[PDB]
Amino acid sequence: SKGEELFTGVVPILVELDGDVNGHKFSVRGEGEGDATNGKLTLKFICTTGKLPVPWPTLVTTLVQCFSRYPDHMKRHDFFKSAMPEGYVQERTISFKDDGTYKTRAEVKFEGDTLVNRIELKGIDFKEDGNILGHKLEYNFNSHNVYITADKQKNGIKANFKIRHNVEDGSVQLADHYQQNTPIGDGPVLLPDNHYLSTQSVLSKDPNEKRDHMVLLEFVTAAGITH
Numbered sequence: 002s003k004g005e006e007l008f009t010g011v012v013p014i015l016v017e018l019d020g021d022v023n024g025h026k027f028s029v030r031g032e033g034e035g036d037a038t039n040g041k042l043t044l045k046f047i048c049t050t051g052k053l054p055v056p057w058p059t060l061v062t063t064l068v069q070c071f072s073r074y075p076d077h078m079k080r081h082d083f084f085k086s087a088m089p090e091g092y093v094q095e096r097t098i099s100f101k102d103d104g105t106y107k108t109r110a111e112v113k114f115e116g117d118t119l120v121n122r123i124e125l126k127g128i129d130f131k132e133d134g135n136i137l138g139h140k141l142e143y144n145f146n147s148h149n150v151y152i153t154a155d156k157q158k159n160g161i162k163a164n165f166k167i168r169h170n171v172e173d174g175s176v177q178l179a180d181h182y183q184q185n186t187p188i189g190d191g192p193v194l195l196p197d198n199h200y201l202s203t204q205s206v207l208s209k210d211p212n213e214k215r216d217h218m219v220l221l222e223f224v225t226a227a228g229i230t231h
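So, in C-alpha cells, the structure goes:
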C-alpha cells in the first residue's frame with residue numbers, strides 16, 4: 002500500500018489513554034518510536050494522574069499493531085498499515101476471568117508525522133481486592149499470538165486471543181480479548197486471509213523516574229500465511 006511505505010523509517014509514537022475503572026479515573030501518556038521494517042518498538046509511559054489504579058501489564062495490549073513486521077510473502081495481508089495515514093479504530097472487550105471487564109475504543113492514525121494511539125478505556129465490575137484493583141500481578145509479560153481474521157462486512161478485521169497474566173502467587177489471571185478494527189477513512193484497505201501476529205513484550209523501570217511508569221520494548225511479527 003501507499004500506507005506501508007509510511008513505515009520504512011523510524012516513526013515517532015504518541016500514546017494517550019483516558020481510563021475509568023470502577024469509577025477510578027486515570028490517564029496515561031506514552032512516547033517512543035517504531036521500526037516496522039524490523040517489527041520492534043520502544044515506548045515509555047507515565048501515569049499522569051498519580052498512581053495507576055490497575056496494574057501496568059493489564060494495559061499493555063491496549064497501549068499499535070501497524071508496527072508489525074510482515075514478511076514479504078504476506079505483505080498483501082497487512083490491514084493496519086493499509087489504512088494509514090487516516091488510520092483505524094480499534095475496539096476491545098477484555099474480560100478478566102472471575103473479575104471485571106475493560107471496554108476500549110482507540111483511534112490509531114498519523115497526526116503530522118507521528119503515529120498516535122488515542123484510547124478511551126472503561127472498566128466495570130472489578131473486585132476491589134482482586135488481582136487487578138489489588139495489584140497482585142507480576143510486572144512481566146508472556147509472548148502471545150493474536151489470530152486475525154477478515155471482517156468483510158465492516159471493511160475491517162477481528163481478532164480473538166487469551167492473555168495469561170502471572171499472578172504473584174504463581175497462579176494465572178486470564179484476560180480474554182475480543183478485538184475489532186475498522187478504517188477511519190473510506191478509501192480501500194487490504195482485507196487479509198487468516199493469519200496471526202506473534203508478540204513479545206519486555207517491561208522495565210527507570211530508577212530516575214519517580215512517576216508511576218512503564219518502560220516497554222515490543223517485538224511483533226506476522227505469520228501463518230505461506231505464499
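Numbered per the authors' numbering, the sequence shown spans residues 2 to 64, 68 to 231. Using N, Cα and C, we set each Cβ at its ideal position, and we do this for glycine too.
- Query: Secondary structure at residue 187, three-state DSSP: helix, strand or coil?
  - Reply: If DSSP states are grouped into helix, strand and coil, residue 187 belongs with the strands.
- Supposed close pair residue 187, residue 92 - CB separation, criterion 8 Å: Yes, residue 187 and residue 92 are in contact; Cβ-Cβ is about 6 Å, under 8 Å.
- Item | Integer Cβ distance of residue 195 from residue 101, believed to fall under 8 Å | Going by Cβ atoms, the distance from residue 195 to residue 101 rounds to 32 Å, so no, they are not a contact pair.
- Per DSSP, residue 55 is paired with what? Beta-bridge pairing links residue 55 to no other residue.
- Pick out whichever of 86, 12 and 19 has its Cα sitting closest to the Cα of residue 36. It is 12.
- Pull up the CB-CB distance for residue 225 and residue 72, whole angstroms please, since I reckon it's below 8 Å. The pair is a contact, with the Cβ atoms about 6 Å apart (cut-off 8 Å).
- So who's on the other strand from residue 149, going by DSSP bridges? 202, per the DSSP bridge assignment.
- residue 180 bridges to which residues according to DSSP? In DSSP, residue 180 forms a bridge with 99 and 166.
- Message: Give me the DSSP bridge partner(s) of residue 30.
- Response: By DSSP's assignment, residue 30 forms a beta bridge with 17 and 47.
- Query: Going straight from the alpha carbon of residue 5 to that of residue 86, what length do you get?
  - Reply: Distance from the CA of residue 5 to the CA of residue 86, rounded to the nearest whole angstrom, comes to 6 Å.
- Query: Nearest-angstrom Cα distance between residue 146 and residue 189?
  - Reply: Distance between the alpha carbons of residue 146 and residue 189: 34 Å.
- Query: Three-state secondary structure (DSSP) at residue 7?
  - Reply: The answer is helix: DSSP assigns residue 7 an H, G or I state.
- Message: With distance defined between alpha-carbon atoms, name the residue in 59, 220, 215 and 222 nearest to residue 47.
- Response: It is 215.
- CA-CA distance, residue 151 and residue 228? Roughly 9 Å separates the two Cα atoms.
- Assigned exposure category for residue 58 - 16 Cβ within 10 Å defines buried: With 16 or more other Cβ atoms within 10 Å, it is buried.
- Could you give the distance in angstroms between the alpha-carbon of residue 32 and the alpha-carbon of residue 172? Taking the straight line from one Cα to the other gives about 29 Å.
- Message: Which of the three DSSP states is assigned to residue 208 in this structure?
- Response: It is a strand residue.
- Per DSSP, cross-strand counterpart(s) of residue 127: 22 and 106, per the DSSP bridge assignment.
- Name the DSSP beta bridge partners of residue 231, please? DSSP lists no beta-bridge partner residue for residue 231.
- Message: If I measure Cβ to Cβ from residue 221 and keep anything under 6 Å in the same chain, skipping five residues before and after, which residues do I get?
- Response: Excluding positions up to five away in sequence, the list reads 43 and 206.
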